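Quick one: the structure is below, questions incoming.
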Amino acid sequence: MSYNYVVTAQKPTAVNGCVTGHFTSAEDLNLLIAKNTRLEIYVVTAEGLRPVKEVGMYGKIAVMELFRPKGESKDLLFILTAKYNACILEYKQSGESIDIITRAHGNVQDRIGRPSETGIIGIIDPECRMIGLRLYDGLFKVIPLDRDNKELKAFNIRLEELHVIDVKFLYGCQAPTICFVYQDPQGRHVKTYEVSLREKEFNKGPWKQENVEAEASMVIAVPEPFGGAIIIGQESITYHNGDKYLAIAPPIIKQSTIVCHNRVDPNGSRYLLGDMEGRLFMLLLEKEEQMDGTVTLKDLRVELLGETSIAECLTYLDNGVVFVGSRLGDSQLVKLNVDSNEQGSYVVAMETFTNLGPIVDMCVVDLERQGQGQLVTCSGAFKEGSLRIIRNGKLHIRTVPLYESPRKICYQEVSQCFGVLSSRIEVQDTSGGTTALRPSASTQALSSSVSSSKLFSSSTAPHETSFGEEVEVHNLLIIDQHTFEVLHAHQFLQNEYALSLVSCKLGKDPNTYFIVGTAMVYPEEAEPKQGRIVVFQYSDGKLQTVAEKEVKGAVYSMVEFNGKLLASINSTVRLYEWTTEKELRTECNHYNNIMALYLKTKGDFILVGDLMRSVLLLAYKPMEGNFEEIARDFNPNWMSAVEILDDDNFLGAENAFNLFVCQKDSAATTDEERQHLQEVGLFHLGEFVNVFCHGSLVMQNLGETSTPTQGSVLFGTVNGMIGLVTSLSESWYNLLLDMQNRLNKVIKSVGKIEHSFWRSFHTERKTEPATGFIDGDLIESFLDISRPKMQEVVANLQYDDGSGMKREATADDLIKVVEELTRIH
Amino acid sequence: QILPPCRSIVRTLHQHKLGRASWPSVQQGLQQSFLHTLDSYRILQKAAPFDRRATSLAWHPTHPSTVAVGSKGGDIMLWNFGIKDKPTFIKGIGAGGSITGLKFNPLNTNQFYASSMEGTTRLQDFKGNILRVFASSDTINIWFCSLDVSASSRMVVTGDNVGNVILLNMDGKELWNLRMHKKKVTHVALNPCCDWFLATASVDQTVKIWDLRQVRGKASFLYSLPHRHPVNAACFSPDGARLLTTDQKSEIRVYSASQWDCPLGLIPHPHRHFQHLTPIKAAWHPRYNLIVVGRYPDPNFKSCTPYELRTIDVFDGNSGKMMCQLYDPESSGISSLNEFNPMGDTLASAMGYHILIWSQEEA
């Protein structure tokens, strides 16, 4: 009875992986970029990148590596998805037609297994003899690369080492050999195994285990003539090869964790290393000659080159040019010069690519024109943190750098400004408190304020602090809606994290307030025990504290509710009234929660999203002054976001990248049955939704009606993808699903992945086919197939044009339908 | 109560909002929050006594508060909370028809499957009306001990007091009743994730993993794990990868997917065997890697903790070591059973002549 439609408004922009090689031709240097479900293929030119082909996959690309078996004239591509779909792909071009051919495909999921902590790892031997996969603790899966293994059949080898950190195949070995770092009660260690195909087992490796740094975290397989392996830790870098052992502990790397690496020289003579502060280093391997013509490593050095965006991945292209693929900020092309500039940096940015992710909060505002909504998102993290302003006309994006992490956003029309919660990292100073690592919004405001309430900390106990502790400093920023200048910054208390934000009117009071919910955070507490609701008024360029309310917990969520304020505090939902004396007073409480993280409201009804008790339906009772529990979804779901679609339809998103929709149980004959919400819609989205919000970017056509879908809810995700959910009639749902099945018979899936499998609801507890959701992206894909294929799609299809009787559908009818659907976003 | 590392609650929640932290690391810190609040389940909610001792237990899957429970004389009760409508009761012979296995009907929640000492594997209504028997000894001093059912596969299975095992469909269709063990079958259970490999426990100090569809050849089995003593139970995870096992003397064994034969870590614990006491059966959390067991102290046990009391302990699965303990005076019997909701918000316990409810505090 709930039928919904989901469509992409902005494809994911974060880069999860990037590799180079010779994929499109033996002579071309290609760049391949993974953006979750998308694979982008470029040719590297003297000036930059030429796009050649972009594909979507029915899966989250989890592994992407080029390789070239014997008899192939150019590299092949292995991809593994998060649902364990494995495939080998080949690039094919003839004329203007570009097709990605599937050479091999199969699902390598086990029936049982616990996904590993450091995630899926996939590696390929340098001689293309086999693929190795670390999917589950205690197991190593091997896919032999036989020409006949078009089904990608595999076998498992027991791993004694249950906690593997990283693993690579070594170069220069007559037998396939892995080198990996693992963790046990004795510490971290590095070990190797040879891989025997005959025995389908490991054999003893060529060199003995070594202890490594407690935080040894990455393995690099060094090519010939060096061979061997480099192990990267937080304070040290070591190289191992047989009886060779060389370690350095350069202090420069200790300030920020190196998290990615890339080979610069084909021979391994130089590597780049990037850290969490966006610093970029060169790692240089010094050779020592030997009388027998072998080469050994003479020394290792690290040199700071400069700063980039915080890199998820790095790829050297050619000619000193580097692609910096970022998931937390914009990606970049940068140039490396041999000589530094005035400030001592060898890095110069050449080009920037927008990244909206992570999208942590957002709101829709008609900033310039009535009816023309624009989205203002909290995007990014640490120095890449920003606001992004998105408007149609495909989309124009304005970037507002903040140089710190945004957390929440609201709009205050009456003050013509936004309130934004943000946090910055500071470290201990030489003699005093802490110092910021760079200027940022909270330190560059036109005016600034600090809290002075002394009730925040009770019975504080001094605790010894080790040197170099970083701290989070939280602030409320007041930002002009036109200029995006930092008008004001209010700094919160030490150890106080601001979690929730509202702008609203309360009671009979004509003033509009900024309201913030916080938590006091101490390292040894399993859950916060202290927090505040603080009511501020913005006037004359500054924030004044109007009122406070102390609670014994974290104020996760707040929402304006019928002129009163509803707030969630750990396992409680509490309703406050705003008094004539400008204080919050509790009217009523609801207690039957584990942790109430998410709230939305409509009328007197309340949808509560829990940490683990997924959705709840409460009613406020105005003639009783209390809450009534109406119903709950008794299926467990680990929520990341929720939304009220209407009085009868409730949208949830959960941590396994699925959406679901709940409804009241219409066939309930008892109060007990009426208390069970039914999950009537299910959909594997493949994205992590951080925020739902009502609104639309498409221009609204006033009195447009007799349209396919009704309502518009936008949502923002970790990957920077923006999507839209809307509601469907029964007839439209049925029409589009018939279309889906027919489309699914015609569209070629990259890797021969079934759409139904991809979109099937899937968690570690249950896997079920999708229901109640149409894949709008797929629907739109009707418009890009050839006309004979369109005619095939609509063959023997009964269709009701406008209002009337059903008849045979033509391609033009469905072209028109799909064109109308594409304009809703 | 006191614990290893944790912090960064909303940091972690936000770092998941960033994609920084992994869901397992997330899920790890929320296991902790359950452990934290589980140290606040310390106030007991409800009790519900009746005639002869309890022998089995089962939750309503959809409903947190509704539960089915049976007796030592084959007397079933169906108790729900927040209702006050004096719950359902069915009586039996009272002496020799002891129910020993009990699982709801997935299709009709007001139905249920039952395994008794009478030797009548049955499906029955809470109003007493028997819909269908499923099997029978057809000869006295021979009865059933274990039972479980699937719904994704729609497959029924039961054990015996002799060591032969029986497997039915939801509508009869008997193709089974070969022998698997040499002595009584204590417990039996199927995989929820896959559908067509079985495990089974017996008095023979061995637990046996089967592949119901491929094997028909009288111990043409898949795996078989030996044990120092007989075993009361062996239960897959909800994840299906982590097969749990309980001895009869003092041990818990953790057999994972990866090479079923060798184990991961030994959780020694006193839950000692006895005739008139109901057999103890550890259990999983449906959504964490936690394990919950009732303690039956023994002076012979090499106790790590120096205070030895009958209670319920809370272990972590992949680690081995305890995390929380549930004690209540006015409950100074021994709980043989214990069964969190599939919800995981609430916990029921079965003591002889006493059923107990263990939910959180009312703030």
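The count begins at 1 with the first shown residue.
Using N, Cα and C of the backbone, Cβ positions are placed for all residues, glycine too.
Below, the features straight out of Swiss-Prot:
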- B:8-19: region 'Required for interaction with DDB1' (REGION)
- B:27-38: region 'Required for interaction with DDB1' (REGION)
- B:99-134: repeat 'WD 2' (REPEAT)
- B:143-178: repeat 'WD 3' (REPEAT)
- B:184-227: repeat 'WD 4' (REPEAT)
- B:230-269: repeat 'WD 5' (REPEAT)
- B:336-360: repeat 'WD 7' (REPEAT)
- B:196-214: motif 'DWD box' (MOTIF)
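Buried or exposed, and what's around them? Tell me for each listed feature.
Below 8 angstroms of C-beta separation, residues 3, 6, 8-9, 12, 288-290, 314, 316, 323-324, 326, 344, 360 of the same chain, each at least six residues beyond the ends of the region 'Required for interaction with DDB1' (B:27-38), sit close to that stretch.
Counting residues 6+ beyond its ends, the repeat 'WD 2' (B:99-134) has Cβ neighbours under 8 Å at 55-63, 68-71, 74-76, 78, 88, 90, 92-93, 140, 142-149, 151, 156, 158, 166, 168, 170, 172 in the same chain.
Note: the repeat 'WD 3' (B:143-178) comprises 0 helix, 18 strand, 18 coil (DSSP; helix = H, G, I, strand = E, B).
Within its own chain, the repeat 'WD 4' (B:184-227) has Cβ neighbours under 8 Å at 145-150, 152-153, 155, 157-165, 167, 178, 233-236, 238-241, 243, 245, 247, 251, 253, 255, 260-261, 279, 281, counting only residues six or more beyond its boundaries.
Through the fold, the repeat 'WD 5' (B:230-269) approaches residues 183, 186-187, 189-194, 199-207, 209, 223, 279-284, 286-287, 289, 291, 293, 295, 298, 301-302, 313, 315, 317-320 of its own chain, all at least 6 residues removed from its boundaries and within a Cβ separation under 8 Å.
Long-range neighbours of the repeat 'WD 7' (B:336-360) within the same chain, counting only residues 6 or more positions beyond its ends whose Cβ lies under 8 Å from a Cβ of the stretch, are 34, 37, 40-41, 44-54, 56-59, 61, 64-65, 67, 69, 79, 81, 277-281, 283, 285-288, 292-294, 312, 326, 328.
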With DSSP helix as H/G/I and strand as E/B, how many residues of the repeat 'WD 4' (B:184-227) fall in helix, strand and coil?
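Counts, helix then strand then coil: 0 helix, 17 strand, 27 coil.
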Could you give me three numbers for the repeat 'WD 2' (B:99-134), the DSSP helix, strand and coil residue counts?
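Taking the repeat 'WD 2' (B:99-134) as a whole: 0 helix, 20 strand, 16 coil.
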